[PDB]
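Structure first, then comments.
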Amino acid sequence: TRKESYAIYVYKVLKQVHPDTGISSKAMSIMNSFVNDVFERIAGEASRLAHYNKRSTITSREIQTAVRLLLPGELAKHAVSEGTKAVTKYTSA
Amino acid sequence: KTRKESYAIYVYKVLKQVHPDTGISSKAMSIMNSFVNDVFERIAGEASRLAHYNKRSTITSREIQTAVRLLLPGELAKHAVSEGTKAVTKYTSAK
Amino acid sequence: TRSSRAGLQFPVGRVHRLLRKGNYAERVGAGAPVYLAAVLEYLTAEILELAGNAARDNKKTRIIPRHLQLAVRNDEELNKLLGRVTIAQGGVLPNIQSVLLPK
Amino acid sequence: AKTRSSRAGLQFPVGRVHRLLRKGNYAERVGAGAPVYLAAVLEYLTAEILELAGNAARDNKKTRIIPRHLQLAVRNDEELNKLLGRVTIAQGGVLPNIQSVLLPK
Amino acid sequence: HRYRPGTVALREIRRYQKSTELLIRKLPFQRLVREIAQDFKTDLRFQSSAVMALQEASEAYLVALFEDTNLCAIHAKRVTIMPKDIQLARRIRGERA
Amino acid sequence: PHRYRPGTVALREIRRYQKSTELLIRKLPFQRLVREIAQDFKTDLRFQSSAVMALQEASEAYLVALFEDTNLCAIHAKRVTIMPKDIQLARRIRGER
Amino acid sequence: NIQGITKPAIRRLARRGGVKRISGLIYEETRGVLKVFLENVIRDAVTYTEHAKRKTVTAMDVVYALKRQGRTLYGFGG
Amino acid sequence: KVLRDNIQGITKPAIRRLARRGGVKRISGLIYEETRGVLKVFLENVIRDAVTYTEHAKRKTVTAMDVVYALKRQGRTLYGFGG
DNA sequence: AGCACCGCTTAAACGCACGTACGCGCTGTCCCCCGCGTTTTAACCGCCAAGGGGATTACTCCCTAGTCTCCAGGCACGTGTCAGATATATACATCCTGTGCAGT
DNA sequence: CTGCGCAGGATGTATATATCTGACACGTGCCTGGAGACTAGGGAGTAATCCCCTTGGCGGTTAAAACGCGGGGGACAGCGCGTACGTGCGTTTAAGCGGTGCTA
């Protein structure tokens with residue numbers, strides 16, 4: 001049956017970043033875990049923020065501030081910029 | 001003047017059920033209310049993952065139950081399942 | 001009600017509302033607000049038990065935060081449960097390390 | 001372009017991140033920028049990590065990133081290391097660090 | 001007369017473990033709180049309960065910390081706590097690196 | 001003949017095991033252990049061979065993390081040899097029971 | 001300001017802490033420690049206020065922060 | 001067939017090997033039993049939980065996932081096995 | 001795919017012998033904290049005063065859930081080859097060897 | 001006639017090779033989850049009023065902070081004893097391998 005995975009997207013980005021470089025089955029697996037972990041961590045903390053503010057909906061404002069709690073500085077800052085960029089990009093297009 | 005809820009009155013009633021000739025301070029009352037909400041989240045939360053983990057959409061008394069067994073220490077869990085299974089059966093009696 | 005119909009003191013209604021609204025799952029069973037309200041009721045009893053005791057021991061009719069703390073930290077099983085919780089105005093248990101004591 | 005990923009100029013599947021946020025009971029309703037944002041932040045990080053892993057792979061003269069390479073990556077980066085400060089990587093191993101007082105004089 | 005060095009120490013321990021009142025006077029603490037927050041955002045107001053909450057959380061934490069610090073002192077056949085203990089305590093807690 | 005001085009092979013072995021990632025507990029013993037403990041919780045359980053392997057991955061990580069912090073405790077006490085009491089201090093401080 | 005955390009106050013906390021004898025360098029060490037603590041908690045707190053669009057940090061922002069950090073506190077609206 | 005004393009599978013050279021990756025040079029003889037003590041409290045914790053998931057999933061087989069969920073629960077998240 | 005069961009192979013584990021260098025117990029010194037009396041600050045309480053901001057309310061419209069039909073992104077499946085693991089010979093480093101050469 | 005330092009061996013690691021193998025990475029084709037387009041409905045945003053909570057400033061006693069003084073005991077460093085734990089070798093045990101069969 002279908003087992004979904006971020007295996008393609010991780011490949012894509014790896015090729016973008018280290019084009020003469022492959023990933024092992026285990027390594028992929030690990031990567032695949034990391035995405036899922038950070039997904040929940042983010043998604044969850046966003047969910048708390050909606051709730052805490054009697055709010056029925058998770059908008060990227062939530063996902064943003066979620067990010068500012070979860071990540072350490074340089075990581076957070078870049079990620080925020082990176083994120084609000086693709087949103088802007090997304091609206092217009 | 002907003003109508004903020006709590007568990008205060010029920011905490012009290014249960015206090016009477018165990019120590020009829022004893023009272024409580026507001027400061028300790030907050031702590032009892034905090035305690036209740038914290039425990040409610042932790043159990044509810046666990047239950048929530050349980051459902052997901054098992055590709056199922058409903059949080060039943062069973063989910064709650066096993067949640068309790070992950071959340072609680074050996075003995076405290078034990079009694080909890082009791083009172084849990086009890087009040088449920090007693091509930092499904094009446095209608 | 002339903003607190004009645006399950007012999008509970010704890011609002012079986014309130015609880016069913018909170019589970020549905022607090023985004024734990026799509027649907028919510030009939031037994032669970034009862035099972036849980038009960039477990040909530042059970043545990044608040046154990047605390048109120050041992051704190052009250054402690055207020056007797058500390059010779060007061062009214063329970064203050066300390067009596068909760070004493071009840072909690074002295075109970076091996078409760079203390080675990082609230083292993084990561086600081087209780088306002090709890091203080092600490094009295095404990096002085098041996099080698100610190102006079103000779 | 002059709003793919004919402006392309007509209008956002010992203011490698012990550014914004015449709016997937018969208019389904020997940022709903023089949024996940026985080027809230028009644030989900031905005032439309034939230035998947036996008038999140039799908040991107042996911043990307044920043046997989047990139048940020050893959051970057052340092054590849055470098056780790058390189059020094060170890062290797063074509064292929066194996067978990068030691070992720071581990072070396074993670075615990076060498078003050079910040080990534082803290083994000084994953086409570087996490088274990090299968091086959092990671094540990095960083096070579098031997099305490100002073102155990103070294104011969 | 002004179003009490004032998006360390007004997008009021010033991011007496012004070014007894015007194016404070018018996019009480020639950022806060023040990024840093026509110027206003028210095030309060031001023032410390034406002035200072036630190038200003039560095040994150042300007043023109044801010046605090047609920048008096050918001051300051052108490054912080055105070056409780058902080059003290060409780062520090063006491064816990066001294067507890068564990070004190071054990072390290074003791075682990076080193078010592079009786080005086082020293083910064084090197086705190087560093088070890090926190091290190092093992094995984095607070096500090 | 002020839003004889004490496006005490007502590008010389010220890011340092012070597014540290015460096016050996018800090019370069020690699022392969023599991024240190026033997027595979028079969030490990031499994032027997034896990035099957036025991038699990039039996040004594042519920043009889044008639046089977047395991048995905050990967051599920052054992054998970055628990056081991058998780059086990060060794062912990063113990064190596066543990067020894068790390070034990071080691072610090074030995075060194076705290078102007079010692080170089082780790083002792084049960086060291087482990088014991090690490091676990092109290094980690095807030096394990 | 002920070003030095004507003006007085007030596008005697010730090011002494012009391014260590015007494016309730018179970019500590020008998022205190023080195024001089026501790027006091028300052030305590031201060032950095034306490035500072036780091038508040039910072040992290042107040043950083044998270046404020047972030048909640050910033051997200052609640054308020055100029056007044058509440059108790060609940062604090063409480064939410066302490067939860068985030070695994071230092072849960074009871075008695076301010078759990 | 002009955003299973004007994006298996007903790008002594010955790011031989012002394014292994015409890016050694018781990019300590020080395022752990023940066024320990026000199027090991028006191030009373031360490032090896034304390035480690036087994038600890039490893040046991042450790043495995044009893046993860047498996048109590050792993051199992052509770054297995055019981056809830058109404059299964060006779062414990063999966064890599066039940067393990068991983070347990071670890072996550074105990075704040076010892078593990079990558080490499082699903083999740 | 002998990003358990004069971006078997007045997008060819010051998011790497012690992014066990015058990016003992018030896019001595020080295022570390023755990024710890026003792027001492028001995030020097031000073032860094034505790035106790036305590038008096039001198040100096042600002043914590044605290046009680047009292048009033050003013051406006052910021054948060055709380056509550058009613059309104060409209062943008063945004064998101066829900067629904068259907070439409071199709072390629074993403075998956076499993078299959079497959080062929082090269083990165084990497086494994087085996088074996090060889091050169092390079094050092095920890096400890098046993099000698100001479102230095103100084104009494 | 002003796003102590004320290006130098007040389008030299010053997011041991012392990014490092015590395016070079018060739019070698020053999022199976023896992024990743026690719027191409028092909030089949031389907032399910034996302035895209036597209038539309039509606040209807042309620043969330044949230046915004047603006048309009050309120051009053052509660054926060055800040056602020058002021059002055060009285062009153063405890064708490066400060067500061068210093070003096071000497072005691074605890075930290076720490078040096079030393080020496082006693083022994084436990086590292087190392088090595090020969091003996092012994094069972095892990096790991098891959099190969100086959102059975103049904104949960």
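Going by the structure tokens order, chains are called A, B, ..., each with residues numbered from 1, while ligands are numbered from 1 in the order shown.
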
Next item on the list: Enumerate as a ChimeraX atom specification the residues belonging to chain G that approach chain J to within 10 Å, with only C-alpha atoms (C1' of nucleotides) taken into account.
Entry: /G:6-9,21,56

Item checked: Exercise answer, chain D residues close to chain B, 10 Å and only C-alpha atoms, as number ranges by chain -> D: 23-25

Using only C-alpha atoms (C1' of nucleotides), find which residues of chain J lie within 12 Å of chain A and jot them down as a PDB file with C-alpha atoms (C1' of nucleotides), in the first residue's frame.
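What ended up in iface15.pdb:
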ATOM      1  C1'  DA J  23      21.420  -0.758  -2.086  1.00  0.00           C
ATOM      2  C1'  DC J  24      20.234   3.737  -4.153  1.00  0.00           C
ATOM      3  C1'  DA J  25      18.794   5.775  -7.624  1.00  0.00           C
ATOM      4  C1'  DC J  31      -4.014   5.530  -9.163  1.00  0.00           C
ATOM      5  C1'  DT J  32      -5.313   8.457  -5.460  1.00  0.00           C
ATOM      6  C1'  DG J  33      -5.061  13.072  -3.292  1.00  0.00           C
ATOM      7  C1'  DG J  42     -20.012  32.308  10.244  1.00  0.00           C
ATOM      8  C1'  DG J  43     -15.390  34.146  11.996  1.00  0.00           C
ATOM      9  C1'  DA J  44     -13.021  37.697  12.598  1.00  0.00           C
TER      10       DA J  44
END

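With only C-alpha atoms as the atoms that count, the residue of H:74, H:11, H:63, H:52 with the shortest distance to residue 54 of chain F is H:63.
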
Next item on the list: Pick out each residue of chain D that DSSP on the backbone tags as strand (DSSP E or B); I need them as a ChimeraX atom specification.
Entry: /D:29-30,64-65,87-89

Dump as a PDB file, in the first residue's frame, selection limited to N, CA, C and O atoms:
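Saved the output as result_29.pdb:
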ATOM      1  N   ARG D  29     -10.692  25.448  11.824  1.00  0.00           N
ATOM      2  CA  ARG D  29     -10.402  25.948  10.505  1.00  0.00           C
ATOM      3  C   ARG D  29      -8.920  26.295  10.374  1.00  0.00           C
ATOM      4  O   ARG D  29      -8.252  26.645  11.359  1.00  0.00           O
ATOM      5  N   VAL D  30      -8.411  26.162   9.153  1.00  0.00           N
ATOM      6  CA  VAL D  30      -7.030  26.500   8.838  1.00  0.00           C
ATOM      7  C   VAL D  30      -7.001  27.631   7.812  1.00  0.00           C
ATOM      8  O   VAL D  30      -7.712  27.571   6.806  1.00  0.00           O
ATOM      9  N   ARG D  64      27.614   9.814   0.157  1.00  0.00           N
ATOM     10  CA  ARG D  64      26.264   9.530   0.642  1.00  0.00           C
ATOM     11  C   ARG D  64      26.128   9.829   2.113  1.00  0.00           C
ATOM     12  O   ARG D  64      26.890   9.290   2.921  1.00  0.00           O
ATOM     13  N   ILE D  65      25.160  10.688   2.439  1.00  0.00           N
ATOM     14  CA  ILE D  65      24.837  11.085   3.829  1.00  0.00           C
ATOM     15  C   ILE D  65      24.209   9.946   4.650  1.00  0.00           C
ATOM     16  O   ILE D  65      23.070   9.563   4.414  1.00  0.00           O
ATOM     17  N   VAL D  87      16.719  14.546  21.494  1.00  0.00           N
ATOM     18  CA  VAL D  87      16.384  13.626  20.400  1.00  0.00           C
ATOM     19  C   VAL D  87      17.498  12.654  20.041  1.00  0.00           C
ATOM     20  O   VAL D  87      18.698  12.947  20.155  1.00  0.00           O
ATOM     21  N   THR D  88      17.121  11.479  19.604  1.00  0.00           N
ATOM     22  CA  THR D  88      18.154  10.508  19.375  1.00  0.00           C
ATOM     23  C   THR D  88      18.137  10.133  17.959  1.00  0.00           C
ATOM     24  O   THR D  88      17.078   9.961  17.369  1.00  0.00           O
ATOM     25  N   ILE D  89      19.320  10.057  17.393  1.00  0.00           N
ATOM     26  CA  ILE D  89      19.413   9.618  16.014  1.00  0.00           C
ATOM     27  C   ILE D  89      19.936   8.219  15.956  1.00  0.00           C
ATOM     28  O   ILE D  89      21.106   7.978  16.251  1.00  0.00           O
TER      29      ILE D  89
END

Name all residues at most 10 Å from segment 75-83 of chain F (count only C-alpha atoms (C1' of nucleotides); drop same-chain ones fewer than 3 positions away) and give them as a compact mmCIF listing (two decimals) with N, CA, C and O atoms (P, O5', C5', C4', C3', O3' and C1' of nucleotides), in the first residue's frame.
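Contents of selection35.txt, freshly written:
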# COMPACT_ATOMS: atom_id res chain seq x y z
N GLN D 99 37.71 14.09 28.25
CA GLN D 99 37.95 15.07 29.31
C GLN D 99 39.43 15.21 29.57
O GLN D 99 40.20 14.24 29.40
N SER D 100 39.82 16.43 29.98
CA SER D 100 41.22 16.81 30.23
C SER D 100 41.92 15.88 31.19
O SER D 100 42.90 15.22 30.83
N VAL D 101 41.40 15.82 32.41
CA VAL D 101 42.01 15.10 33.53
C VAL D 101 42.26 13.61 33.24
O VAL D 101 42.94 12.94 34.02
N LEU D 102 41.73 13.11 32.13
CA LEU D 102 41.92 11.70 31.76
C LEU D 102 43.08 11.52 30.78
O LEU D 102 43.48 10.39 30.47
N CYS E 72 25.89 18.49 45.14
CA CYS E 72 27.19 18.45 44.47
C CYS E 72 28.31 18.85 45.44
O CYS E 72 29.36 18.21 45.49
N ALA E 73 28.08 19.93 46.19
CA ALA E 73 29.01 20.34 47.24
C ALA E 73 29.33 19.13 48.07
O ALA E 73 30.50 18.72 48.16
N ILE E 74 28.28 18.52 48.62
CA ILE E 74 28.41 17.31 49.41
C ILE E 74 29.11 16.17 48.66
O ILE E 74 29.92 15.47 49.24
N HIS E 75 28.82 16.02 47.37
CA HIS E 75 29.46 14.96 46.61
C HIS E 75 30.98 15.11 46.61
O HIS E 75 31.72 14.11 46.49
N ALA E 76 31.43 16.36 46.74
CA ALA E 76 32.85 16.71 46.72
C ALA E 76 33.45 16.80 48.14
O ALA E 76 34.43 17.51 48.37
N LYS E 77 32.83 16.08 49.07
CA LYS E 77 33.23 16.05 50.48
C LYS E 77 33.29 17.46 51.10
O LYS E 77 33.88 17.66 52.16
N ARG E 78 32.66 18.42 50.42
CA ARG E 78 32.59 19.80 50.88
C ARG E 78 31.30 20.09 51.68
O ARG E 78 30.44 19.22 51.83
N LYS E 84 31.16 26.26 41.04
CA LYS E 84 31.48 25.07 40.24
C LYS E 84 30.43 23.96 40.40
O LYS E 84 30.31 23.07 39.54
N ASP E 85 29.67 24.04 41.50
CA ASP E 85 28.60 23.10 41.80
C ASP E 85 27.39 23.41 40.93
O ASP E 85 26.96 22.56 40.14
N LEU E 88 27.83 22.38 37.48
CA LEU E 88 27.61 20.93 37.34
C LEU E 88 26.13 20.57 37.45
O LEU E 88 25.65 19.71 36.71
N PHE F 67 26.63 7.61 31.36
CA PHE F 67 28.04 7.59 31.61
C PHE F 67 28.70 8.96 31.45
O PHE F 67 29.46 9.37 32.34
N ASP F 69 27.43 11.95 31.99
CA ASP F 69 27.14 12.70 33.20
C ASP F 69 27.68 12.02 34.45
O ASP F 69 28.02 12.70 35.42
N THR F 70 27.73 10.69 34.44
CA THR F 70 28.38 10.01 35.57
C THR F 70 29.80 10.54 35.59
O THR F 70 30.26 11.12 36.57
N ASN F 71 30.48 10.39 34.46
CA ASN F 71 31.88 10.77 34.37
C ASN F 71 32.14 12.16 34.95
O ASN F 71 33.16 12.37 35.58
N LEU F 72 31.22 13.08 34.74
CA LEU F 72 31.40 14.44 35.20
C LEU F 72 31.41 14.45 36.70
O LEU F 72 32.17 15.18 37.31
N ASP F 86 28.37 8.14 42.00
CA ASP F 86 28.33 9.10 40.88
C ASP F 86 27.04 8.93 40.08
O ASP F 86 26.18 9.83 40.12
N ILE F 87 26.87 7.79 39.39
CA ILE F 87 25.59 7.51 38.71
C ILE F 87 24.39 8.02 39.53
O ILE F 87 23.48 8.66 39.01
N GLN F 88 24.42 7.75 40.83
CA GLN F 88 23.32 8.08 41.72
C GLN F 88 23.07 9.57 41.82
O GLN F 88 21.94 10.01 41.89
N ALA H 19 30.44 2.73 28.35
CA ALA H 19 31.12 3.74 29.18
C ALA H 19 32.27 4.46 28.47
O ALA H 19 32.71 5.53 28.93
N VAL H 24 34.36 7.71 29.78
CA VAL H 24 34.87 7.16 31.03
C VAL H 24 36.11 6.28 30.79
O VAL H 24 36.13 5.42 29.87
N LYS H 25 37.11 6.50 31.63
CA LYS H 25 38.42 5.88 31.54
C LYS H 25 38.58 4.83 32.63
O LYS H 25 39.06 3.71 32.36
N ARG H 26 38.19 5.19 33.86
CA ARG H 26 38.33 4.29 34.99
C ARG H 26 36.99 3.91 35.63
O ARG H 26 36.26 4.77 36.13
N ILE H 27 36.71 2.61 35.62
CA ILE H 27 35.42 2.06 36.05
C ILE H 27 35.50 1.23 37.33
O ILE H 27 36.14 0.17 37.36
N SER H 28 34.85 1.71 38.39
CA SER H 28 34.73 0.98 39.66
C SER H 28 33.91 -0.30 39.51
O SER H 28 32.89 -0.31 38.83
N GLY H 29 34.34 -1.37 40.17
CA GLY H 29 33.69 -2.69 40.03
C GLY H 29 32.22 -2.77 40.43
O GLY H 29 31.47 -3.60 39.91
N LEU H 30 31.81 -1.90 41.35
CA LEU H 30 30.42 -1.84 41.76
C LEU H 30 29.50 -1.12 40.76
O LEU H 30 28.29 -1.03 40.97
N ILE H 31 30.08 -0.63 39.67
CA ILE H 31 29.34 0.02 38.60
C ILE H 31 28.49 -0.98 37.80
O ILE H 31 27.31 -0.71 37.56
N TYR H 32 29.05 -2.13 37.42
CA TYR H 32 28.36 -3.04 36.49
C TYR H 32 26.98 -3.45 36.98
O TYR H 32 26.06 -3.55 36.16
N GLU H 34 25.05 -1.68 39.19
CA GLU H 34 24.19 -0.49 39.20
C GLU H 34 23.68 -0.18 37.77
O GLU H 34 22.53 0.25 37.57
P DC I 22 46.72 7.10 37.86
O5' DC I 22 45.35 7.20 38.67
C5' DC I 22 44.46 6.11 38.63
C4' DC I 22 43.74 5.94 39.95
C3' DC I 22 43.29 7.22 40.65
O3' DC I 22 41.88 7.03 40.88
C1' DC I 22 44.54 5.82 42.16
P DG I 23 40.92 8.02 41.69
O5' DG I 23 40.60 7.07 42.93
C5' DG I 23 39.82 5.86 42.84
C4' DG I 23 39.51 5.34 44.24
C3' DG I 23 38.80 6.33 45.17
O3' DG I 23 37.90 5.69 46.10
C1' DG I 23 40.96 5.92 45.99
P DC J 85 37.61 -1.25 41.94
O5' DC J 85 38.08 -0.70 40.50
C5' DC J 85 39.17 0.21 40.31
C4' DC J 85 40.02 -0.26 39.15
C3' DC J 85 39.29 -0.91 37.98
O3' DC J 85 39.89 -0.35 36.84
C1' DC J 85 41.02 -2.32 38.65

Can you build me a table of chain G residues sitting at most 10 Å from chain A, with the closest atom pair per residue and its distance in Å to one decimal, using only C-alpha atoms, sorted by chain and residue number, as a Markdown table?
| residue | atom | partner | partner_atom | distance |
| --- | --- | --- | --- | --- |
| G:40 | CA | A:69 | CA | 10.0 |
| G:43 | CA | A:69 | CA | 8.6 |
| G:44 | CA | A:69 | CA | 6.2 |
| G:45 | CA | A:69 | CA | 9.6 |
| G:47 | CA | A:65 | CA | 7.2 |
| G:48 | CA | A:49 | CA | 8.0 |
| G:50 | CA | A:65 | CA | 8.9 |
| G:51 | CA | A:65 | CA | 7.0 |
| G:52 | CA | A:53 | CA | 6.9 |
| G:60 | CA | A:52 | CA | 8.8 |
| G:61 | CA | A:52 | CA | 9.2 |
| G:64 | CA | A:52 | CA | 8.8 |
| G:65 | CA | A:69 | CA | 9.3 |
| G:68 | CA | A:69 | CA | 8.4 |

Could you write out that same residue set with N, CA, C and O atoms as a tab-separated table (two decimals), in the first residue's frame?
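Writing done, so here's result_8.tsv:
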chain	number	residue	atom	x	y	z
G	40	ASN	N	14.40	33.95	29.53
G	40	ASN	CA	13.73	32.93	28.73
G	40	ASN	C	12.22	32.91	28.95
G	40	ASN	O	11.43	32.81	27.99
G	43	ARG	N	10.79	36.25	27.66
G	43	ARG	CA	10.82	36.24	26.20
G	43	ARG	C	9.58	35.52	25.66
G	43	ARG	O	8.86	36.07	24.82
G	44	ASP	N	9.35	34.31	26.16
G	44	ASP	CA	8.18	33.51	25.79
G	44	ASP	C	6.88	34.22	26.19
G	44	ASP	O	5.92	34.29	25.40
G	45	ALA	N	6.86	34.76	27.42
G	45	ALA	CA	5.70	35.50	27.91
G	45	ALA	C	5.35	36.60	26.93
G	45	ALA	O	4.25	36.61	26.36
G	47	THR	N	6.22	37.25	23.89
G	47	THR	CA	5.75	36.67	22.63
G	47	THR	C	4.26	36.37	22.64
G	47	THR	O	3.59	36.56	21.64
G	48	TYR	N	3.75	35.89	23.78
G	48	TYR	CA	2.31	35.64	23.90
G	48	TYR	C	1.57	36.98	23.88
G	48	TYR	O	0.60	37.12	23.12
G	50	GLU	N	2.69	39.93	22.63
G	50	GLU	CA	2.83	40.44	21.26
G	50	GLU	C	1.82	39.79	20.34
G	50	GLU	O	1.31	40.45	19.43
G	51	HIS	N	1.52	38.51	20.56
G	51	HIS	CA	0.58	37.80	19.68
G	51	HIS	C	-0.87	38.05	20.07
G	51	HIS	O	-1.78	37.85	19.27
G	52	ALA	N	-1.08	38.50	21.30
G	52	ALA	CA	-2.41	38.82	21.80
G	52	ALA	C	-2.71	40.29	21.54
G	52	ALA	O	-3.76	40.79	21.93
G	60	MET	N	-1.55	34.94	32.47
G	60	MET	CA	-1.73	33.80	31.61
G	60	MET	C	-0.62	33.64	30.57
G	60	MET	O	-0.29	32.52	30.17
G	61	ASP	N	-0.04	34.76	30.15
G	61	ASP	CA	1.13	34.72	29.27
G	61	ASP	C	2.28	34.11	30.03
G	61	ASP	O	2.92	33.17	29.54
G	64	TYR	N	1.53	30.47	30.58
G	64	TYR	CA	1.74	29.71	29.35
G	64	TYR	C	3.22	29.53	29.08
G	64	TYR	O	3.63	28.53	28.46
G	65	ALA	N	4.02	30.48	29.53
G	65	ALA	CA	5.44	30.46	29.25
G	65	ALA	C	6.08	29.35	30.06
G	65	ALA	O	6.80	28.51	29.52
G	68	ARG	N	5.27	25.93	28.50
G	68	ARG	CA	6.27	25.82	27.44
G	68	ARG	C	7.62	25.33	27.93
G	68	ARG	O	8.22	24.45	27.31

Margin query: Report as a PyMOL selection string all protein, DNA and RNA residues lying within 10 Å of residue 31 of chain B, evaluated on only C-alpha atoms (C1' of nucleotides), omitting residues in the same chain fewer than 4 positions from it.
Written below: (chain B and resi 25-27+35-37) or (chain C and resi 64-65+68-69+87-89) or (chain G and resi 73-78)

Write out, as an mmCIF file, in the first residue's frame, the residues just selected, with N, CA and C atoms.
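The new file part-v8.cif reads:
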data_model
loop_
_atom_site.group_PDB
_atom_site.id
_atom_site.type_symbol
_atom_site.label_atom_id
_atom_site.label_comp_id
_atom_site.auth_asym_id
_atom_site.auth_seq_id
_atom_site.Cartn_x
_atom_site.Cartn_y
_atom_site.Cartn_z
ATOM 1 N N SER B 25 -8.945 27.829 51.454
ATOM 2 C CA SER B 25 -8.654 29.221 51.104
ATOM 3 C C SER B 25 -8.742 29.427 49.596
ATOM 4 N N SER B 26 -8.951 30.674 49.187
ATOM 5 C CA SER B 26 -9.010 31.039 47.773
ATOM 6 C C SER B 26 -7.706 30.666 47.084
ATOM 7 N N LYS B 27 -6.593 30.979 47.750
ATOM 8 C CA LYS B 27 -5.267 30.680 47.230
ATOM 9 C C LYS B 27 -5.054 29.195 46.928
ATOM 10 N N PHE B 35 -4.834 22.472 39.130
ATOM 11 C CA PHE B 35 -4.576 21.050 39.132
ATOM 12 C C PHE B 35 -5.541 20.323 38.223
ATOM 13 N N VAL B 36 -6.820 20.685 38.314
ATOM 14 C CA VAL B 36 -7.861 20.025 37.526
ATOM 15 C C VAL B 36 -7.654 20.222 36.025
ATOM 16 N N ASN B 37 -7.481 21.483 35.619
ATOM 17 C CA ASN B 37 -7.242 21.812 34.219
ATOM 18 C C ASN B 37 -5.984 21.142 33.656
ATOM 19 N N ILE C 64 -4.643 25.682 53.235
ATOM 20 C CA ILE C 64 -3.880 26.648 52.457
ATOM 21 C C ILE C 64 -2.931 25.908 51.517
ATOM 22 N N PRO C 65 -2.367 26.618 50.522
ATOM 23 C CA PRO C 65 -1.456 26.010 49.558
ATOM 24 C C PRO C 65 -0.415 25.075 50.173
ATOM 25 N N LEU C 68 -1.501 21.595 50.656
ATOM 26 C CA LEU C 68 -1.477 20.893 49.387
ATOM 27 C C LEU C 68 -0.062 20.395 49.118
ATOM 28 N N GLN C 69 0.902 21.312 49.133
ATOM 29 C CA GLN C 69 2.306 20.960 48.920
ATOM 30 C C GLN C 69 2.750 19.785 49.811
ATOM 31 N N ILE C 87 4.010 24.585 42.966
ATOM 32 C CA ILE C 87 2.751 25.007 43.601
ATOM 33 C C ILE C 87 2.966 26.319 44.342
ATOM 34 N N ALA C 88 2.323 27.388 43.884
ATOM 35 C CA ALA C 88 2.435 28.704 44.549
ATOM 36 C C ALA C 88 2.260 28.631 46.074
ATOM 37 N N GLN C 89 3.171 29.277 46.793
ATOM 38 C CA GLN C 89 3.160 29.285 48.255
ATOM 39 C C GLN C 89 3.199 27.870 48.834
ATOM 40 N N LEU G 73 3.241 26.223 36.713
ATOM 41 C CA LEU G 73 2.886 26.841 37.987
ATOM 42 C C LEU G 73 1.363 26.865 38.202
ATOM 43 N N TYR G 74 0.967 26.575 39.437
ATOM 44 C CA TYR G 74 -0.432 26.495 39.820
ATOM 45 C C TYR G 74 -0.802 27.688 40.679
ATOM 46 N N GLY G 75 -1.968 28.267 40.408
ATOM 47 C CA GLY G 75 -2.492 29.305 41.275
ATOM 48 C C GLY G 75 -2.603 30.667 40.639
ATOM 49 N N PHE G 76 -2.612 30.704 39.311
ATOM 50 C CA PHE G 76 -2.785 31.955 38.591
ATOM 51 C C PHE G 76 -3.674 31.733 37.369
ATOM 52 N N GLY G 77 -4.627 30.827 37.521
ATOM 53 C CA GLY G 77 -5.513 30.460 36.432
ATOM 54 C C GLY G 77 -4.882 29.367 35.593
ATOM 55 N N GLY G 78 -4.719 28.175 36.163
ATOM 56 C CA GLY G 78 -4.217 27.015 35.409
ATOM 57 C C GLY G 78 -5.114 26.753 34.208
#

Using 12 Å as the limit and counting only C-alpha atoms (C1' of nucleotides), can you tabulate each residue of chain J that touches chain B, with its shortest atom-to-atom distance in Å and the two atoms involved, as CSV?
residue,atom,partner,partner_atom,distance
J:50,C1',B:1,CA,11.8
J:51,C1',B:1,CA,10.7
J:52,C1',B:1,CA,10.5

For the residues in that selection, give me N, CA and C atoms (P, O5', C5', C4', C3', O3' and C1' of nucleotides) as a JSON list (two decimals), in the first residue's frame.
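Contents of the output file result_22.json:
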[["chain", "number", "residue", "atom", "x", "y", "z"],
["J", 50, "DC", "P", -20.09, 55.05, 26.97],
["J", 50, "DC", "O5'", -19.29, 53.75, 27.43],
["J", 50, "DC", "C5'", -19.95, 52.50, 27.55],
["J", 50, "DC", "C4'", -19.15, 51.57, 28.44],
["J", 50, "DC", "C3'", -18.88, 52.10, 29.85],
["J", 50, "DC", "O3'", -19.10, 51.06, 30.81],
["J", 50, "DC", "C1'", -16.81, 51.71, 28.71],
["J", 51, "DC", "P", -19.79, 51.35, 32.22],
["J", 51, "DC", "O5'", -18.61, 51.06, 33.28],
["J", 51, "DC", "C5'", -17.98, 49.78, 33.35],
["J", 51, "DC", "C4'", -16.48, 49.89, 33.57],
["J", 51, "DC", "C3'", -16.04, 50.60, 34.85],
["J", 51, "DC", "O3'", -15.14, 49.77, 35.57],
["J", 51, "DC", "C1'", -14.77, 51.34, 33.03],
["J", 52, "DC", "P", -15.64, 48.87, 36.79],
["J", 52, "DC", "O5'", -14.97, 47.44, 36.51],
["J", 52, "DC", "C5'", -14.47, 47.07, 35.22],
["J", 52, "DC", "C4'", -12.95, 47.03, 35.16],
["J", 52, "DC", "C3'", -12.20, 46.82, 36.48],
["J", 52, "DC", "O3'", -11.11, 45.89, 36.29],
["J", 52, "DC", "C1'", -11.39, 48.73, 35.41]]
